[PDB]
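Only one structure is covered here, and it is reproduced in the block below.
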Amino acid sequence: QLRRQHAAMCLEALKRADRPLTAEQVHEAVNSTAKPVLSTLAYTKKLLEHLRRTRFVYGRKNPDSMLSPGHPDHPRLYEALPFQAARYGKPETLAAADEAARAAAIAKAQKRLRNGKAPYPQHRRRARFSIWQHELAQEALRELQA
Amino acid sequence: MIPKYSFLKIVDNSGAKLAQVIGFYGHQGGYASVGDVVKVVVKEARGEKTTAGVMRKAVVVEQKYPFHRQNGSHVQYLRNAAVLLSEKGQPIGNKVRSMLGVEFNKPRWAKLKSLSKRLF
Amino acid sequence: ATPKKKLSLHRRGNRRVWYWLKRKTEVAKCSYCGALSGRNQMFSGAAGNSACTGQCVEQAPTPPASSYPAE
Amino acid sequence: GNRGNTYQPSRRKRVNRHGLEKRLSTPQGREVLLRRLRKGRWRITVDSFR
Amino acid sequence: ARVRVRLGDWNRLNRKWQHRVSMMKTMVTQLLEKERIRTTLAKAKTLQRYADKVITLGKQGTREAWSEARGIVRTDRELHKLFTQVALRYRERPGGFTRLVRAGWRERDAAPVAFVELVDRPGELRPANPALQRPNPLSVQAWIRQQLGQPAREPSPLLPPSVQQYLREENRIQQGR
RNA sequence: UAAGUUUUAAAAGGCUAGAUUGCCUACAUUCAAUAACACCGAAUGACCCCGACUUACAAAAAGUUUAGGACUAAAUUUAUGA
RNA sequence: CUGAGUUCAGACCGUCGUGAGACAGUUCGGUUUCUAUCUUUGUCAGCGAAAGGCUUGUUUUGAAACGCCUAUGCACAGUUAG
RNA sequence: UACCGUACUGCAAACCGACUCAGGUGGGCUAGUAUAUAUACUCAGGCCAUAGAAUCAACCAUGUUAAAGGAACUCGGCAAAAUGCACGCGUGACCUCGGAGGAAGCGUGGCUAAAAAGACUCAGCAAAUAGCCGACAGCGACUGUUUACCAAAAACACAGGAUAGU
Ligand SMILES: [Mg+2]
Ligand SMILES: [Mg+2]
Ligand SMILES: [Mg+2]
Ligand SMILES: [Mg+2]
Ligand SMILES: [Mg+2]
Ligand SMILES: [Mg+2]
Ligand SMILES: [Mg+2]
Ligand SMILES: [Mg+2]
Ligand SMILES: [Mg+2]
Ligand SMILES: [Mg+2]
Ligand SMILES: [Mg+2]
Ligand SMILES: [Mg+2]
Ligand SMILES: [Mg+2]
Ligand SMILES: [Mg+2]
Ligand SMILES: [Zn+2]
């Protein structure tokens, strides 16, 4: 619970200052809002890397201390994107990879059409609703309703 | 340990890159070891006067098995090599090539102590 | 790999000597309940003994101890 | 190939081969039934029931 | 075919080694949850050796010991018991935390059966011996332990009076931070 | 374990039976179900086994230790300098 | 242990034959079963009991143990067999 | 708006094999890493009953590793071992011009990097799955078929052609 609270405070401090904000100032920014929290830089780095691995913040190079940015000793700049991303990379690079994958999907479908097969695999439509999901919806509606 | 029908790289400029041991001179019926003379057959030539397919005499100078010494130390070589010999117990090669020519030898092989790049 | 004749009663008895069991020369007997077992084995009620009356152990007083029961 | 399992059961084939009506359809099948009767068999055909 | 008994090593117990270690972990967890379990002699002897290793690891009380026991010991209700009740119970015992009593043979296969239980608990079957035996300073053993480099190694309460003068101090509490 | 290391004389060396001679407080249970560990070992005046501690100058087989098992006794030690 | 060759069943080439076929003429391919009763042999083990008389050398309240020769057991075991 | 089926089993201890038999038995439905119904781990679900218990026999079966050699073994490299994968280069004769051919042979791969780069590891197709290659001949054009139970082949068939009859 404390780790959840500390990560939320690290995100809010990165959110209030919309500037690339490396580990040093995010540690100082979370500490300077009320030694209340974040006793060490290592704990703040562990929280920020976990937030980056869950696609809540991202990283960028640090000028004058680049040290090859994939080396884990490299200081990273944190930007704090507003919503949790569905993917991890730069959105322009993700869009380029999606276009390449979409063209590969068209090519595989065309090759499957020259052979005696369907373009895309045809699968039977299934039923996912049940008594448990209906009753779970009723419990959820009453829970928010109170 | 050099068994019969093995292969080894003759190192000198006598004209044989490789040879097959086809027999042992002494009553040593198991393996050959450094300092022993054996009958070898040249399988592949260097293109020069010793053509492929001759049956000459060779002394093994180094092996990939440990060569044990009396004090308790042993010498390990990363190659199994030999040097050709004549019918007078002398190498036909002008010099044992330094490409694989370092050994421990003082028994009557003083002629082989000048052909090698360095001993020991 | 096959018997050529039929084994006689005398030869069969001689061959079957390995099958017989040796008698045991010691037994541990409980004076109360009359139970019988080896001297290295518990044969009281915790083991199988429906005849045990507890008189086999004649003294067991241990009241005091102190610890943290984990709940 | 392991043998022994020549009998592959089927009710349609059993009734269609050794039933009453294929026995009655031909004359020599009717004398087969007649000598089954003369022997005294309790089950006349493979498909008889009551 | 490797020699395990006759050349001090672990028993094979008719099992592959991964099955063998998993079965011993299950049995040590069961041994500390219910303090007396009954099994065949070979599993009983192997359980006794494994119990000594696991109980000493719990007696260390360190974070690495907790991490190692977390994989070794399954229940988690009893990981707490090993690190707290068992560790305080045998804090000064130099090994031998378990006894073995033979109990005859079992009906299904006539295998020899042994009772394996933790010593020094209410409900044990033989009185324990004290782990330490306070020495007479007027005997030969104490003088041998003075001329030779041996510690006193006396019986002790859980918190001796040598920490009483630190804990009594009101300036050594830090308020609980 | 060998590919390693020793030894392979006249007669040497081994196996089985044994004249004799000597001795005798010897019913044979436990320490783990395949002692082959152990009879050229132990069973509490017991380190026999097991555990614990230490050793990189053993990448681990030795040293301390009666904690546990080989039960057992008192009017001078719940007990060996094990 | 193999079945490489000497027994087949398939096929081809050559010889002979009217032909079914034959060839110890050449080829390619083509089921090796058996859990040891007792006779040997290697090795590991079990069974093959004794107490005889002591007129007991002694004692009274020929019976009881004591003292003897050897009987088993155990140990070392011929200038001792095989 | 009647009549018949509705239990249980159905890759199996309930069917066909004398058996609670390692054999044979048709169709359909399906989650994630992930990407193919292949492969490794797992979801839903199911299972750990039909001899058990320890231990170091020899030997047998099935495998792992092995120093120096390496077909020297053997009727015969039989059996094992070895290549085994996606992106690049490349790439022989002979030939019915289609093929041979994935010829042969050599680089490049995991991990971190909103990213010009690097870390260390003995090892980065890191665990599981996915051709040994080249040459000289003989026979049969080819894919197929053949003695259920010792022979799958050069034997049979084949498209085509010739002959004879109609
Ligand atoms: Mg089949
Ligand atoms: Mg039948
Ligand atoms: Mg085995
Ligand atoms: Mg495994
Ligand atoms: Mg004890
Ligand atoms: Mg099946
Ligand atoms: Mg059958
Ligand atoms: Mg079946
Ligand atoms: Mg699985
Ligand atoms: Mg079972
Ligand atoms: Mg090698
Ligand atoms: Mg792989
Ligand atoms: Mg094909
Ligand atoms: Mg074919
Ligand atoms: Zn009783």
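Ligands are numbered from 1 in the order shown, residues from 1 within each chain, and chains are lettered A, B, ... in the order they appear in the structure tokens.
Near residue 34 of chain E, within 10 Å and counting only C-alpha atoms (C1' of nucleotides), sit residues 28, 29, 78, 117 and 118 of chain E, not including residues fewer than 5 positions from it in the same chain.
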Preceding selection exported with N, CA and C atoms as a short mmCIF file (atom, residue, chain, number, x, y, z; two decimals), in the first residue's frame:
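Result file is part27.cif:
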data_model
loop_
_atom_site.label_atom_id
_atom_site.label_comp_id
_atom_site.auth_asym_id
_atom_site.auth_seq_id
_atom_site.Cartn_x
_atom_site.Cartn_y
_atom_site.Cartn_z
N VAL E 28 8.66 -31.78 5.51
CA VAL E 28 9.14 -30.85 6.57
C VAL E 28 8.05 -29.82 6.88
N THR E 29 7.30 -29.38 5.87
CA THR E 29 6.17 -28.46 6.13
C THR E 29 5.12 -29.16 6.99
N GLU E 78 3.01 -21.85 8.20
CA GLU E 78 4.09 -22.49 8.99
C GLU E 78 5.46 -21.84 8.69
N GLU E 117 9.31 -36.87 15.57
CA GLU E 117 8.66 -35.74 16.27
C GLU E 117 9.67 -34.69 16.70
N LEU E 118 9.19 -33.47 16.90
CA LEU E 118 10.08 -32.39 17.41
C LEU E 118 10.25 -32.56 18.92
#
query = Quick one: which residues from chain H are at most 10 Å off chain B, using only C-alpha atoms (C1' of nucleotides), as a PyMOL selection string?
reply = chain H and resi 67-70+72
Output C-alpha atoms (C1' of nucleotides) for every residue in the selection just made, as a PDB file, in the first residue's frame.
ATOM      1  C1'   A H  67      41.288 -37.729 -22.252  1.00  0.00           C
ATOM      2  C1'   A H  68      44.495 -38.825 -27.158  1.00  0.00           C
ATOM      3  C1'   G H  69      42.944 -40.844 -31.686  1.00  0.00           C
ATOM      4  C1'   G H  70      39.346 -41.668 -35.304  1.00  0.00           C
ATOM      5  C1'   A H  72      41.548 -48.500 -37.230  1.00  0.00           C
TER       6        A H  72
END
key: DSSP strand (DSSP E) residues within segment 31-118 of chain A, as a list in words   = residues 59, 60, 77 and 78 of chain A
request  = Show which residues sit within 12 Å of residue 44 of chain A, as a ChimeraX atom specification. Count only C-alpha atoms (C1' of nucleotides), and ignore same-chain residues fewer than 5 positions away.
outcome  = /A:3,6-11,22-31,37-39,49-51
Atom CA of residue 55 of chain E to atom CA of residue 87 of chain E, straight-line distance in Å = 7.2 Å
Would you list the residues that come within 10 Å of ligand 1? Count only C-alpha atoms (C1' of nucleotides) and all ligand atoms and give the answer as a PDB file with N, CA and C atoms (P, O5', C5', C4', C3', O3' and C1' of nucleotides), in the first residue's frame.
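part.pdb, freshly written:
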ATOM      1  N   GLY D   1       0.165 -56.272 -38.582  1.00  0.00           N
ATOM      2  CA  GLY D   1      -1.267 -56.503 -38.574  1.00  0.00           C
ATOM      3  C   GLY D   1      -1.678 -57.618 -37.638  1.00  0.00           C
ATOM      4  N   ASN D   2      -2.361 -57.257 -36.556  1.00  0.00           N
ATOM      5  CA  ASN D   2      -2.861 -58.238 -35.601  1.00  0.00           C
ATOM      6  C   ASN D   2      -4.254 -58.722 -36.006  1.00  0.00           C
TER       7      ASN D   2
ATOM      8  P     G H  23      -2.168 -49.600 -27.239  1.00  0.00           P
ATOM      9  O5'   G H  23      -2.124 -50.009 -28.776  1.00  0.00           O
ATOM     10  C5'   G H  23      -1.024 -50.716 -29.327  1.00  0.00           C
ATOM     11  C4'   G H  23      -1.478 -51.693 -30.383  1.00  0.00           C
ATOM     12  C3'   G H  23      -2.647 -51.238 -31.247  1.00  0.00           C
ATOM     13  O3'   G H  23      -2.248 -50.435 -32.344  1.00  0.00           O
ATOM     14  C1'   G H  23      -3.101 -53.387 -30.399  1.00  0.00           C
ATOM     15  P     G H  24      -3.056 -49.099 -32.727  1.00  0.00           P
ATOM     16  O5'   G H  24      -4.423 -49.628 -33.333  1.00  0.00           O
ATOM     17  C5'   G H  24      -4.494 -50.084 -34.674  1.00  0.00           C
ATOM     18  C4'   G H  24      -5.872 -50.593 -35.002  1.00  0.00           C
ATOM     19  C3'   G H  24      -6.997 -49.573 -34.918  1.00  0.00           C
ATOM     20  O3'   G H  24      -7.105 -48.746 -36.063  1.00  0.00           O
ATOM     21  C1'   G H  24      -7.630 -51.506 -33.752  1.00  0.00           C
TER      22        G H  24
END
request  = Extract, using only C-alpha atoms (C1' of nucleotides), all DNA, RNA and protein residues at most 8 Å from residue 18 of chain A, discarding same-chain residues fewer than 3 positions from it, and format them as a PyMOL selection string.
outcome  = chain A and resi 14-15+79-80
Produce a file of the selected residues containing C-alpha atoms, as a compact mmCIF listing (two decimals), in the first residue's frame.
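Written out: result02.txt:
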# COMPACT_ATOMS: atom_id res chain seq x y z
CA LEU A 14 6.09 14.40 -12.66
CA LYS A 15 2.56 15.45 -13.82
CA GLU A 79 8.01 12.74 -19.27
CA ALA A 80 4.84 11.27 -17.57
message = Around ligand 8, out to 12 Å and counting only C-alpha atoms (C1' of nucleotides) and all ligand atoms, which residues are there? I want them as a ChimeraX atom specification.
response = /H:11-17,19-25
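Once only C-alpha atoms (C1' of nucleotides) and all ligand atoms are used for the distance check, the residues close to ligand 14 at 12 Å turn out to be residues 140, 142, 143, 144, 145, 146, 152, 153 and 157 of chain H.
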Output for the residues just chosen: N, CA, C and O atoms (P, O5', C5', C4', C3', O3' and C1' of nucleotides) as a PDB file, in the first residue's frame:
ATOM      1  P     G H 140      16.858 -51.649 -67.015  1.00  0.00           P
ATOM      2  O5'   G H 140      15.603 -50.955 -66.316  1.00  0.00           O
ATOM      3  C5'   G H 140      14.566 -51.735 -65.740  1.00  0.00           C
ATOM      4  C4'   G H 140      13.715 -50.932 -64.790  1.00  0.00           C
ATOM      5  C3'   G H 140      13.098 -49.661 -65.344  1.00  0.00           C
ATOM      6  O3'   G H 140      11.949 -49.893 -66.138  1.00  0.00           O
ATOM      7  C1'   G H 140      14.040 -49.213 -63.232  1.00  0.00           C
ATOM      8  P     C H 142      10.526 -45.697 -63.530  1.00  0.00           P
ATOM      9  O5'   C H 142      10.055 -44.240 -63.094  1.00  0.00           O
ATOM     10  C5'   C H 142      10.926 -43.395 -62.363  1.00  0.00           C
ATOM     11  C4'   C H 142      10.455 -41.966 -62.320  1.00  0.00           C
ATOM     12  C3'   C H 142       9.394 -41.649 -61.286  1.00  0.00           C
ATOM     13  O3'   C H 142       9.914 -41.527 -59.974  1.00  0.00           O
ATOM     14  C1'   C H 142       8.821 -40.625 -63.336  1.00  0.00           C
ATOM     15  P     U H 143       9.274 -42.361 -58.760  1.00  0.00           P
ATOM     16  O5'   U H 143       7.848 -41.692 -58.527  1.00  0.00           O
ATOM     17  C5'   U H 143       7.729 -40.460 -57.832  1.00  0.00           C
ATOM     18  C4'   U H 143       6.288 -40.072 -57.609  1.00  0.00           C
ATOM     19  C3'   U H 143       5.440 -41.047 -56.812  1.00  0.00           C
ATOM     20  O3'   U H 143       5.655 -41.017 -55.414  1.00  0.00           O
ATOM     21  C1'   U H 143       4.239 -40.383 -58.719  1.00  0.00           C
ATOM     22  P     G H 144       5.397 -42.349 -54.554  1.00  0.00           P
ATOM     23  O5'   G H 144       3.813 -42.534 -54.586  1.00  0.00           O
ATOM     24  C5'   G H 144       3.210 -43.786 -54.300  1.00  0.00           C
ATOM     25  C4'   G H 144       2.157 -44.154 -55.317  1.00  0.00           C
ATOM     26  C3'   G H 144       1.665 -45.591 -55.244  1.00  0.00           C
ATOM     27  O3'   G H 144       0.643 -45.765 -54.282  1.00  0.00           O
ATOM     28  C1'   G H 144       2.217 -45.065 -57.483  1.00  0.00           C
ATOM     29  P     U H 145       0.750 -46.940 -53.198  1.00  0.00           P
ATOM     30  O5'   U H 145       0.585 -48.265 -54.056  1.00  0.00           O
ATOM     31  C5'   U H 145      -0.673 -48.637 -54.595  1.00  0.00           C
ATOM     32  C4'   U H 145      -0.577 -49.962 -55.299  1.00  0.00           C
ATOM     33  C3'   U H 145      -0.025 -51.106 -54.466  1.00  0.00           C
ATOM     34  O3'   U H 145      -1.012 -51.722 -53.656  1.00  0.00           O
ATOM     35  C1'   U H 145       1.066 -51.053 -56.563  1.00  0.00           C
ATOM     36  P     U H 146      -0.614 -52.370 -52.243  1.00  0.00           P
ATOM     37  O5'   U H 146       0.228 -53.668 -52.628  1.00  0.00           O
ATOM     38  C5'   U H 146      -0.386 -54.780 -53.263  1.00  0.00           C
ATOM     39  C4'   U H 146       0.635 -55.773 -53.762  1.00  0.00           C
ATOM     40  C3'   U H 146       1.520 -56.407 -52.704  1.00  0.00           C
ATOM     41  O3'   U H 146       0.888 -57.486 -52.045  1.00  0.00           O
ATOM     42  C1'   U H 146       2.836 -55.733 -54.563  1.00  0.00           C
ATOM     43  P     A H 152      10.495 -55.862 -47.655  1.00  0.00           P
ATOM     44  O5'   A H 152      11.098 -54.627 -48.458  1.00  0.00           O
ATOM     45  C5'   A H 152      11.471 -54.759 -49.827  1.00  0.00           C
ATOM     46  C4'   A H 152      10.859 -53.690 -50.707  1.00  0.00           C
ATOM     47  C3'   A H 152      10.502 -52.377 -50.016  1.00  0.00           C
ATOM     48  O3'   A H 152      10.722 -51.294 -50.916  1.00  0.00           O
ATOM     49  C1'   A H 152       8.556 -53.325 -50.980  1.00  0.00           C
ATOM     50  P     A H 153      12.166 -50.596 -50.996  1.00  0.00           P
ATOM     51  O5'   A H 153      12.891 -51.365 -52.183  1.00  0.00           O
ATOM     52  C5'   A H 153      12.331 -51.386 -53.485  1.00  0.00           C
ATOM     53  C4'   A H 153      12.952 -52.471 -54.324  1.00  0.00           C
ATOM     54  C3'   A H 153      12.568 -52.486 -55.791  1.00  0.00           C
ATOM     55  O3'   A H 153      13.311 -51.549 -56.549  1.00  0.00           O
ATOM     56  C1'   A H 153      12.429 -54.674 -54.912  1.00  0.00           C
ATOM     57  P     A H 157       2.341 -55.340 -65.863  1.00  0.00           P
ATOM     58  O5'   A H 157       1.689 -53.973 -65.388  1.00  0.00           O
ATOM     59  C5'   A H 157       0.338 -53.919 -64.969  1.00  0.00           C
ATOM     60  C4'   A H 157       0.027 -52.605 -64.307  1.00  0.00           C
ATOM     61  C3'   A H 157       0.143 -51.378 -65.198  1.00  0.00           C
ATOM     62  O3'   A H 157      -1.066 -51.122 -65.895  1.00  0.00           O
ATOM     63  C1'   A H 157       1.332 -51.022 -63.181  1.00  0.00           C
TER      64        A H 157
END
request  = Within 9 Å of ligand 9, which residues show up when you count only C-alpha atoms (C1' of nucleotides) and all ligand atoms? List them as a list in words, please.
outcome  = residues 40, 41 and 42 of chain H
Could you dump the residues just selected with N, CA and C atoms (P, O5', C5', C4', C3', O3' and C1' of nucleotides) as a PDB file, in the first residue's frame?
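And here's result05.pdb as it stands now:
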ATOM      1  P     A H  40       6.967 -30.177 -26.365  1.00  0.00           P
ATOM      2  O5'   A H  40       7.300 -29.112 -25.234  1.00  0.00           O
ATOM      3  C5'   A H  40       8.622 -28.945 -24.746  1.00  0.00           C
ATOM      4  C4'   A H  40       8.742 -27.689 -23.922  1.00  0.00           C
ATOM      5  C3'   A H  40       7.669 -27.495 -22.870  1.00  0.00           C
ATOM      6  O3'   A H  40       7.923 -28.217 -21.684  1.00  0.00           O
ATOM      7  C1'   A H  40       7.910 -25.507 -24.097  1.00  0.00           C
ATOM      8  P     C H  41       6.700 -28.802 -20.836  1.00  0.00           P
ATOM      9  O5'   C H  41       6.075 -27.521 -20.137  1.00  0.00           O
ATOM     10  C5'   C H  41       6.771 -26.871 -19.091  1.00  0.00           C
ATOM     11  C4'   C H  41       6.223 -25.496 -18.828  1.00  0.00           C
ATOM     12  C3'   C H  41       4.835 -25.427 -18.225  1.00  0.00           C
ATOM     13  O3'   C H  41       4.805 -25.671 -16.832  1.00  0.00           O
ATOM     14  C1'   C H  41       4.997 -23.893 -20.001  1.00  0.00           C
ATOM     15  P     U H  42       3.545 -26.416 -16.179  1.00  0.00           P
ATOM     16  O5'   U H  42       2.283 -25.625 -16.745  1.00  0.00           O
ATOM     17  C5'   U H  42       1.334 -25.033 -15.873  1.00  0.00           C
ATOM     18  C4'   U H  42       0.677 -23.821 -16.487  1.00  0.00           C
ATOM     19  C3'   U H  42      -0.837 -23.857 -16.589  1.00  0.00           C
ATOM     20  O3'   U H  42      -1.503 -23.578 -15.372  1.00  0.00           O
ATOM     21  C1'   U H  42       0.055 -23.086 -18.624  1.00  0.00           C
TER      22        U H  42
END
query = Counting only C-alpha atoms (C1' of nucleotides) and all ligand atoms, what residues are within 9 Å of ligand 15, given as a PyMOL selection string?
reply = chain C and resi 29-36+43-45+49+51-57
